[PDB]
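Shown next are two forms of a single protein chain, provided one at a time as structure tokens under the names structure 1 and structure 2.
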Structure 1
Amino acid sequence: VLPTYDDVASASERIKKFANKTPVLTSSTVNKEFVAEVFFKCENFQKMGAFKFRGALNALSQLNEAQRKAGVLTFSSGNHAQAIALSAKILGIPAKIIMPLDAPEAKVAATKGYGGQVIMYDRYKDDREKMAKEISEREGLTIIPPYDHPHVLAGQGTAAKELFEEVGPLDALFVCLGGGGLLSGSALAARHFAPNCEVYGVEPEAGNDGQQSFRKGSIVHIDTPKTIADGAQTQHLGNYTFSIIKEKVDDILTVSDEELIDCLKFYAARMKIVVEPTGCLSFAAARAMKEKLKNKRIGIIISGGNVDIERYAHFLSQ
């Protein structure tokens, strides 16, 4: 019913031949600011540009021959789509990707570069799911959840696992929260390598459905939030994700878009790395409570760096 550190440890072994052991970056500037030692696990450097490659590969690596021969299909507007496209190509599995007619050029080219078969639909009529069900059932294609799947969350969790192995136990771990895949998997690693670690999920304040769920004790749904963290606009947590979250997550924090923008610029000018808006949640939340992190070892996950260069330029000049 629920994955454990073991699955994360196995996922590590299962994806080792293809995943990147992303670097852990450090900033003397950040440390002085926090009066502590901060560690950044940079998944923006992961294959495809986001941690998602982990969960996607782990899940696809566990499909049977019939499914692998038939292929998979994805319709997510987020990083999961290219995570699936690239993993599928790596594993010799055909992949169909449903994208909006006006999808960013770079993302479309990336997807075709990964061998994905692009099927387009009109954004104004978001009947993606309808199309996905019709197509996947008619062609016997498999659809891997972007977060609410035991194999997917175990894979995402391998990023946290690697962090600790390189740096060691931690007092706190800040992780981006959308559907909960990264959050749940990261919790499994944390509780193992450093049982005395405060684990925080972070959501854009305009969409704290996760926070309400955490407090309510049951999954709460909300209208799609208006925020620049395009990768964290989910409307509700997943069953498998929330279960692990309510039992291993200490608390869900929220940050404003203004803070995300400040973090995005800091990463670029001060750390020289490109990070997408959603990937700034964890750092923003951490900075907000730095006064409470004196002389501790903090971990910050940078979920990804796939930001349309135009939006990136736009935010950098804000």
Structure 2
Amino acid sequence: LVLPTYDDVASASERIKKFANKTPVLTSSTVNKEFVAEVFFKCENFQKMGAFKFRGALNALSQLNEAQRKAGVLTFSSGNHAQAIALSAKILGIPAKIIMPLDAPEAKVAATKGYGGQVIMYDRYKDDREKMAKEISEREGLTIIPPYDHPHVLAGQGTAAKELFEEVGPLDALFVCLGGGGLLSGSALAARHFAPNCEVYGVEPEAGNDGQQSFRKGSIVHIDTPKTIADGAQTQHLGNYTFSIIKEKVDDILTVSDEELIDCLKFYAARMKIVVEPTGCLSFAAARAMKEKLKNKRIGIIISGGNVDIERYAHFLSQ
């Protein structure tokens, strides 16, 4: 397995520079005073299509040759990669078919269809979406662009962390949300380059801690689809490419409860005035849980996305 390196992340910055947002970095006096540290939040919830996924989607599709682009692409996603792929595809004039979980946030399904993506659904807790993807693409001659286990995809995701380090310099610790591992693996590549001594932390919801288990065990652990509000991290196992990198460049994998996620979501709205989806609350929820360790340090927090159904979001804020 030929693994991507930091070079690919740097090259990805160039391919997306034309359409991606150089998301702002926010800081909070309450957080810094509370943590007795300097905390920097990379806001991918302000990225095109509301999440960091646009980076990986565009970097991947941009490397498709003329025949591939015209032939069309296929992907499976919990919603954000689906939107990112649809948007990127429309921009490049590429036909796109997307396989989405039936219980995906309606806002994610709607944006995907609006961007021009043909949606097909699956049962997140019982269906084998990859098997569906493979067969469909094999039968229709479509190029599969995985939501995370692909060199171009993960290298692209790493551009967010790249921008964070270039804007604020080396950090003592970096917290990243963890689903399949594309964001974490890409971020780890950036971290090792800009700050080789940065502690890189992956964060998964407690019910879906396969990644953590894999990291401890040394091999990929498979679990049944986890029940959690972090709808963007219900993966059953890590990707092969992503795990190979996570295994060597990640320092630890933490978990937080849905309860902790909700408190974090309320914190973001109330104190930082931003809308963050549950999955985007993993990194900060974990950081809060270990504030004692972050005293007098510089911490980076990746805010992966803000795509939620408003009705659902209002409900969370009400807890």
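Just so we're on the same page, residue numbers count up from 1 along structure 1's sequence. We call the rigid core the largest set of C-alpha positions that still match within 1.5 Å between the two forms.
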| Which one of 115, 150, 225, 145 is the only residue whose C-alpha moves by 2 Å or more between structure 1 and structure 2, after superposing on the core? | 115
| task | Superpose the two forms on their rigid core, then report whether the C-alpha of residue 97 is displaced by 2 angstroms or more between structure 1 and structure 2. | result | yes
| query | With the core lined up, does the C-alpha of residue 73 move 2 Å or more between structure 1 and structure 2? | reply | yes
| field | C-alpha of residue 133 moved at least 2 Å between structure 1 and structure 2 on rigid core | value | yes
| request: With the core fitted, just quote the Cα shift at residue 106 between structure 1 and structure 2, in angstrom to one decimal. | output: 3.7
| query | What is the Cα shift of residue 265 between structure 1 and structure 2 once the core is superposed, in angstrom? | reply | 0.4
